[PDB]
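Asks: Can you keep this structure in mind? I'll have questions shortly.
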Amino acid sequence: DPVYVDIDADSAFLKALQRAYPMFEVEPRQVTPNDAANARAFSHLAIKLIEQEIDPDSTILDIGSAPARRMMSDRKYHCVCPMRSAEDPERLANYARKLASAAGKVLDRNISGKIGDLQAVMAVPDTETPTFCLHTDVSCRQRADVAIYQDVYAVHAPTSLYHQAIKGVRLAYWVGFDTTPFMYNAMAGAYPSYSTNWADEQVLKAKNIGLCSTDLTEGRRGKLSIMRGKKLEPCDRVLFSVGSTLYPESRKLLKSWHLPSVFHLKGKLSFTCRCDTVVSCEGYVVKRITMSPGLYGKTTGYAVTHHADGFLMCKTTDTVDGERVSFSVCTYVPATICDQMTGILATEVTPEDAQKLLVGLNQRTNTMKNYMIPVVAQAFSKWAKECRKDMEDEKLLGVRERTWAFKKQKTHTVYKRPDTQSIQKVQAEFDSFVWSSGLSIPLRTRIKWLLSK
Amino acid sequence: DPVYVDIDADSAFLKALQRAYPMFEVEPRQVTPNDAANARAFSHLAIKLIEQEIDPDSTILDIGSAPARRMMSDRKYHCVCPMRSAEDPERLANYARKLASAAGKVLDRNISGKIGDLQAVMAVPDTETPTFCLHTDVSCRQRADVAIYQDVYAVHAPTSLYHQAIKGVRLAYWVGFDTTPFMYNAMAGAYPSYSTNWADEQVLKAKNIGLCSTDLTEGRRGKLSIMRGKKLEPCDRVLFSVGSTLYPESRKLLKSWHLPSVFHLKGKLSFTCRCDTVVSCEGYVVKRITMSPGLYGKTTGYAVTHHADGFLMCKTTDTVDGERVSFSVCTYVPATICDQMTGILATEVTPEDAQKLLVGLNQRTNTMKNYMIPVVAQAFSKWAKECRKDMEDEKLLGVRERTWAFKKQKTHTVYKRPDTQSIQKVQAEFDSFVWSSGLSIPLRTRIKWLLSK
Amino acid sequence: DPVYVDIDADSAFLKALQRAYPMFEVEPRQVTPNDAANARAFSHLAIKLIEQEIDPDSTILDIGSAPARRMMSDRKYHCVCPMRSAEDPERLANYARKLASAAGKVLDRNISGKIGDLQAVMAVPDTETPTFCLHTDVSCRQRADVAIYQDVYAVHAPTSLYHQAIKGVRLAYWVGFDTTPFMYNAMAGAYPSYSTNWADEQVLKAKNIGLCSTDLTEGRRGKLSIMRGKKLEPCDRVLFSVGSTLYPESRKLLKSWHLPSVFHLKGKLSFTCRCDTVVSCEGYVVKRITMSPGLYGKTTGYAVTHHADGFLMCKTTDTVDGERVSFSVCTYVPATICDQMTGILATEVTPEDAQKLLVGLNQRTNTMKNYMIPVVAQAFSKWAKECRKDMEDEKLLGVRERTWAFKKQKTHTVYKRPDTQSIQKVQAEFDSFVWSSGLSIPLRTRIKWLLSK
Ligand SMILES: Nc1ncnc2c1ncn2[C@@H]1O[C@H](CSCC[C@H](N)C(=O)O)[C@@H](O)[C@H]1O
Ligand SMILES: Nc1ncnc2c1ncn2[C@@H]1O[C@H](CSCC[C@H](N)C(=O)O)[C@@H](O)[C@H]1O
Ligand SMILES: Nc1ncnc2c1ncn2[C@@H]1O[C@H](CSCC[C@H](N)C(=O)O)[C@@H](O)[C@H]1O
Ligand SMILES: [Mg+2]
Ligand SMILES: [Mg+2]
Ligand SMILES: [Mg+2]
Ligand SMILES: [Zn+2]
Ligand SMILES: [Zn+2]
Ligand SMILES: [Zn+2]
């Protein structure tokens, strides 16, 4: 009945985890000093919830799986494991070591069949087995009814889902980080509760953001480069850092998982789909998607995000490789701190005064990390000024001033308070959805040797 | 079950050690007044962790070993001991004395075989034995599956790892000091928790750094030297001082162990490798490396360091041999002190006022060592000034001012706050990897005599 | 198991002794009012430690021995006792009186053999006995494996060690005062914890140092001496005063025991040696040296000293024989007092204000002796001023100003704070190492008479 998580017993993150999973009993049990403990704990509880919701005797496809995590489960899993990332050969070896070390000791699980399944694929790397295959999400031929994506960011969502549906899959799950900051087109940001920072490739030489490195210099003037950049806008390449682990991502694929509430898949076969968010905790979400045959209803093309805590996006000034520039940064703010600044923001406040007030509220144990305070104080100061300016320029009801050209005002801060919602327009009608092993002889030999005894 | 460390029972370092090794029970037991006790305690616990992680019945290679430390272990070690440093003949003699004094009293360990192995090498200094050899890491011929580097700074990392891999090694470990300050190209620095200071060879005659010596003088003017230095930049030679022990190092070899998360080794045989940091405590780290046959995935070439406490690098002014100069210095700062200065650094503060505030926070028992306070106060003062200057020179969004030449600003301080990450670009594709005994007759005779009874 | 020392039970020096020897149990037992009690207690515990570290059944050479101290030991000692100092005939008589008064009452020790050994030497003053001889460290012919130097300052270290190594000695120990202040070339200094003061011969007529004497005078003007001194620099001759005992020393021989960590001895036979400091307590140290045959590794030539408390060296003004001059003085400062002055020294302070603050911290029982306070207060005041001047003359990074001749600044104070290290360059490659009884008939007759009954 209880669930054990590898976190410290005095951690403040334990209370937030309990609030997000009211149907479990969470107990701390620390064994390792892993620096991504909070992120791993959330994903561990997410899989437990999914298994409870679905019924036994169901076949589940695990896309981009790590087979060692499913070894001690009593459900039927079919692991789809292509070898496309540099961390994959190590995961395969860890799978074989755990299997051989448990043979003859665990009897409830189908240990013998799993070992037999692995050997068959090694001899002929083209056969489908009940528990293992070497194909991709498009070229796999096994039929099931449930599909699971756990921390997968490298596929195009409408294309991948369509190939799952024509094989009889009616339910899908997606676990990962929130995609909202990438719909606002920010240049850098943070997930402070999970010790996570990300940044665009062009600003990796900044000075005062979470993920950067710079140098000491005296300051020259020439730097004669005739070719002009003249413009600095976000590009596709993005670097992620969870704890001390680095992951490169792509903006196009990240935004493709920001699906609307209702959409249609039109091809040789047609489907009507629905997307819903069931769990949310300070940047991690769980999504649930259903698919049914036929075309019903109509679509609007809107996606909605509910904010339990504050969300900020502001303009900041920094030096990149010694040159002063400006770009945008986003972050999350705890709800208690947001509610205690309502009275202060009724008037204009300087950034220096806001910083001192935030320190007093925080260090009263820290509610929020201290390295994000300076940019939050700057954002709050500009938001109050812009609100004050609006009240002093009252317009008339039901008219638009166009004396024909209109002026556009300047906006430096976007602040979504708790209990508010964001809404964006995306595509909702899809009608376009258009193999080698990759294993080497030395790797196949090594896997066989570990399995023998 | 408990682990004993040779430190004082009232030491404040005991709490930090407990937090870094949650899977053990640490108990103090002081027997000697060793002045490098904290450094020795970390290395003692690191080896215990490694043995627990790996499975028995495995062959382990100990590169650059001190065989006396492995004499009471129940695992199979193969010590690779060339004689290339002046401290090696003493280590060999200590090994023989401990073996002869334990013969006939310890039976669990393979004492008799170890004595027999040592005698065979003395007669013919070219044979490989199960527990001992006189070759280097390149010319050894024994095959194993685990390799361990404990405080080894004298080898080129990609070259050494490649020769280990072609012999069947799949796992490697490296224990030593953090290499991050040498990637920032500092001239001097400190590791205050371990009583360690280091400096470049050119600044050994300074006045107010950790490792220096100078004289008294009245001040002359001529010093007529026509040849001009005209420039002062870091060189290859670096001196280390742990407690009262001196060690010379080389900058090129130190930086070669700052490996990226993913890299390839291309030669007659090809391998794909991964590097990860598992333990970190105030500048002391443990790294884990895996190697697999074949080429998979792609590489980016980025190395990431996670900061649990503050990291600083600043410009300082001193007199070297009576002449005033300027260079850079780095150090580490405890996290609690960093969090308590957030409010103060919101405005501009003089170096004198910052020093008095730091003393009040520290001496409230000392959290940090007092001899690094003056340079920390100066570094904090310049960081606050530069942040204020950036806020008063706001630019426009998405543009670069190039009215074509751009001006570069001056930077005097780099400050990495807790819960932030550094990132550097390094090489990740390697394709180039290109014997005598050294023992003397008098030394061989002495070893034989100690072994006889 | 316990060790007894002849010091007062309420002395504050007892705590420092316990910290330096954690492996013993120290108990006070006062029997005499000796004024060099602290220095004698340290040497007593040092010999006990050495006996524990080495194994029984080993032959030990005692260079420059006092044979009465080794009379009640159960180990095998070979006392090398030439008669070259005026205190030697008295030490020999004390040896004979104790032997005759213990015959027939002590049975565990080899009392009968020691008495027989003494008589043989008197008849023929050229024979080597297992426990006694009349030669020097160069002309002795006994072979052993351990050598001990206890408060010996009258030999050249590289020459003495070479003659010990060719006789089969592999380990050596040296006990004495710290040689660091003589590497800085000071004119006078103190060891306040041991009631020890030393001074150069040229300043024995000063007024306000530890070891001096002067007269009252009204002040004349002529003193017509055509020959000009014109210069005052340290010379070879130095006087020591431990308690109320006077010892003359030589600067050349004192500096020869400041050995580097690694050095080579090259001659007919070659050796590789290593030096290490194992005990340190407020200026009193124990050194351990090992020697092995052959040539291995390379040398740098650096010697390192670790400071557990503060070390000072400053400029002072005094009248010598009525004439005002200036010279340098060194001393030691307790660590607790050093840590409490960090805040004060952030700004400029006058010598008068510094003296009052030091008195308040000290007399709050005395942590430090009051007669050294005036020179410590003056040294602190000048150090703060010089640091302030450096901050106001900032230079540029990586360049040297030589507009070609450069100016040298004035330095009046050297301050080594606790947890710092000194480093000096010394010689590390040695290749040059190039008898009468002295007893009288009346002395031999007296020794024989005391032995008979
Ligand atoms: N087109 C595709 N179809 C199926 N799997 C793919 C794929 N492209 C990449 N992958 C796999 O998806 C994996 C993402 S890494 C995720 C591993 C695992 N889910 C975990 O939580 O640790 C990679 O190992 C890669 O091999
Ligand atoms: N190329 C090489 N291959 C293998 N060992 C080497 C080597 N170059 C130097 N060494 C050895 O590496 C040692 C480093 S000193 C480290 C000793 C031991 N690991 C300890 O913890 O104390 C030296 O003794 C030197 O003999
Ligand atoms: N060249 C030499 N070789 C051996 N002994 C010498 C020597 N020159 C001087 N000595 C002896 O060294 C002694 C130093 S006095 C030290 C005595 C004794 N170790 C103690 O602690 O009391 C002198 O008595 C002198 O006789
Ligand atoms: Mg990891
Ligand atoms: Mg040592
Ligand atoms: Mg006396
Ligand atoms: Zn499949
Ligand atoms: Zn070998
Ligand atoms: Zn002799």
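Ordered as shown in the structure tokens, chains take letters A, B, and onward, while each chain numbers its residues from 1 and ligands are numbered from 1 in the order shown.
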Taking only C-alpha atoms and all ligand atoms into account, report as a PyMOL selection string which residues have an atom no farther than 12 Å from an atom of ligand 4.
Replies: (chain A and resi 32-37+39-40+87+91+241-247) or (chain B and resi 261+274-279+287-289)
Asks: Which residues, written as JSON, numbers by chain, have at least one atom at most 6 Å from stretch 301-312 of chain C, with only C-alpha atoms counted and residues fewer than 6 positions away on the same chain left out?
Replies: {"B": [244], "C": [260, 330, 331, 332, 333, 334, 335, 414, 415, 416, 417, 418, 419, 420, 421, 422, 423, 424, 425, 426, 427, 428]}
Asks: Just need the residues of chain C within 6 Å of chain B, counting only C-alpha atoms, so spit them out as an MDAnalysis selection string.
Replies: chainID C and resid 23 293 296:297 306 343 346 395 397:400 404:405 407:412 420:423
Asks: Could you please take those selected residues and save C-alpha atoms as a PDB file, in the first residue's frame?
Replies:
ATOM      1  CA  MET C  23      47.519   8.291  21.067  1.00  0.00           C
ATOM      2  CA  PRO C 293      69.249   2.749  -2.713  1.00  0.00           C
ATOM      3  CA  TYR C 296      64.351   7.458  -8.944  1.00  0.00           C
ATOM      4  CA  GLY C 297      62.183  10.372 -10.021  1.00  0.00           C
ATOM      5  CA  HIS C 306      52.341  24.563   7.301  1.00  0.00           C
ATOM      6  CA  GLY C 343      37.096  42.696  11.467  1.00  0.00           C
ATOM      7  CA  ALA C 346      39.513  45.964   7.602  1.00  0.00           C
ATOM      8  CA  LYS C 395      46.643  47.665 -12.330  1.00  0.00           C
ATOM      9  CA  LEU C 397      45.107  42.249 -16.071  1.00  0.00           C
ATOM     10  CA  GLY C 398      47.977  40.316 -17.611  1.00  0.00           C
ATOM     11  CA  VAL C 399      50.451  43.174 -18.164  1.00  0.00           C
ATOM     12  CA  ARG C 400      53.551  44.527 -16.423  1.00  0.00           C
ATOM     13  CA  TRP C 404      62.903  49.832 -19.209  1.00  0.00           C
ATOM     14  CA  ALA C 405      62.864  50.079 -15.402  1.00  0.00           C
ATOM     15  CA  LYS C 407      59.766  50.560  -9.248  1.00  0.00           C
ATOM     16  CA  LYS C 408      59.856  48.378  -6.127  1.00  0.00           C
ATOM     17  CA  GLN C 409      57.445  49.055  -3.274  1.00  0.00           C
ATOM     18  CA  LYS C 410      58.336  49.034   0.418  1.00  0.00           C
ATOM     19  CA  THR C 411      57.403  46.078   2.631  1.00  0.00           C
ATOM     20  CA  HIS C 412      57.652  46.315   6.418  1.00  0.00           C
ATOM     21  CA  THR C 420      48.512  29.022   5.064  1.00  0.00           C
ATOM     22  CA  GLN C 421      51.851  27.692   3.829  1.00  0.00           C
ATOM     23  CA  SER C 422      55.355  29.019   3.203  1.00  0.00           C
ATOM     24  CA  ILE C 423      57.589  27.821   0.374  1.00  0.00           C
TER      25      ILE C 423
END
Asks: Please measure the separation of atom CA of residue B:167 and atom CA of residue B:145, giving the value in Å to one decimal.
Replies: 8.2 Å
Asks: Using only C-alpha atoms, determine which residues lie at most 12 Å from stretch 141-144 of chain A, disregarding the query and same-chain residues fewer than 5 positions distant; provide the list as a PyMOL selection string.
Replies: chain A and resi 57-62+76-80+126-136+163-172
Asks: For the strand (DSSP E or B) assignment from backbone DSSP, which residues of stretch 263-311 of chain C qualify? Please present them as number ranges by chain.
Replies: C: 263-265, 271-281, 284-293, 302-307, 310-311
Asks: Which residues come within 10 Å of residue A:14, counting only C-alpha atoms, excluding same-chain residues fewer than 2 positions away, as a list in words?
Replies: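 These residues fall inside the cut-off: residues 5, 7, 8, 9, 10, 11, 12, 16, 17, 18, 19, 26, 27, 28, 38 and 41 of chain A.
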Asks: Restricting the calculation to only C-alpha atoms, which member of A:388, A:268, A:448, A:69 is positioned closest to residue A:121?
Replies: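 Counting only C-alpha atoms, the residue closest to residue A:121 is A:448.
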Asks: Using DSSP on the backbone coordinates, identify all residues within stretch 230-453 of chain A classified as helix (DSSP H, G or I); present the result as a ChimeraX atom specification.
Replies: /A:251-255,335-339,344-346,351-362,370-391,441-451
Asks: With C-alpha atoms retained, export the selected residues as a tab-separated table (two decimals), in the first residue's frame.
Replies:
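File produced: again35.tsv:
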chain	number	residue	atom	x	y	z
A	251	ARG	CA	11.91	23.58	-30.27
A	252	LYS	CA	9.78	22.15	-33.09
A	253	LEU	CA	9.29	18.78	-31.39
A	254	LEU	CA	8.65	20.29	-27.95
A	255	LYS	CA	5.79	22.47	-29.22
A	335	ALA	CA	1.67	30.93	-4.52
A	336	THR	CA	2.16	32.06	-0.91
A	337	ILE	CA	4.75	34.67	-1.91
A	338	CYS	CA	2.48	35.92	-4.71
A	339	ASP	CA	-0.42	36.47	-2.31
A	344	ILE	CA	2.78	46.36	-2.04
A	345	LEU	CA	2.17	46.35	-5.80
A	346	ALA	CA	-0.70	48.84	-5.44
A	351	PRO	CA	13.69	47.26	-7.77
A	352	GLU	CA	15.91	47.80	-4.73
A	353	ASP	CA	12.94	48.08	-2.36
A	354	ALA	CA	11.21	45.04	-3.86
A	355	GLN	CA	14.30	42.88	-3.35
A	356	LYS	CA	14.49	43.67	0.37
A	357	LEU	CA	10.79	42.89	0.87
A	358	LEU	CA	11.13	39.53	-0.90
A	359	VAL	CA	14.10	38.55	1.28
A	360	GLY	CA	12.12	39.27	4.45
A	361	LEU	CA	9.18	37.14	3.32
A	362	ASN	CA	11.38	34.27	2.13
A	370	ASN	CA	17.64	32.72	-3.69
A	371	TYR	CA	19.35	32.85	-7.10
A	372	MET	CA	16.08	33.76	-8.88
A	373	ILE	CA	15.12	36.62	-6.53
A	374	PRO	CA	16.85	39.52	-8.38
A	375	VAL	CA	15.04	38.87	-11.68
A	376	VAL	CA	11.70	38.43	-9.89
A	377	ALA	CA	12.09	41.76	-8.09
A	378	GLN	CA	12.88	43.53	-11.37
A	379	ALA	CA	9.84	41.97	-13.06
A	380	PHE	CA	7.49	43.00	-10.24
A	381	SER	CA	8.68	46.62	-10.38
A	382	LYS	CA	7.98	46.99	-14.11
A	383	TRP	CA	4.58	45.31	-13.83
A	384	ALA	CA	3.37	47.82	-11.22
A	385	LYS	CA	4.51	50.78	-13.33
A	386	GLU	CA	2.71	49.58	-16.47
A	387	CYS	CA	-0.54	49.02	-14.54
A	388	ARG	CA	-0.34	52.53	-13.08
A	389	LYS	CA	0.20	54.00	-16.55
A	390	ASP	CA	-2.92	52.29	-17.92
A	391	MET	CA	-5.22	53.81	-15.28
A	441	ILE	CA	28.41	-7.92	-33.93
A	442	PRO	CA	30.66	-6.98	-30.94
A	443	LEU	CA	27.65	-5.72	-28.97
A	444	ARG	CA	25.58	-8.83	-29.72
A	445	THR	CA	28.43	-11.04	-28.49
A	446	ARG	CA	28.72	-9.13	-25.21
A	447	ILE	CA	25.00	-9.38	-24.45
A	448	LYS	CA	25.07	-13.15	-24.98
A	449	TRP	CA	28.02	-13.60	-22.61
A	450	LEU	CA	26.32	-11.71	-19.77
A	451	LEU	CA	23.17	-13.81	-20.16
Asks: Which distance in Å separates atom CA of residue C:273 and atom CA of residue C:161, to one decimal?
Replies: 9.9 Å
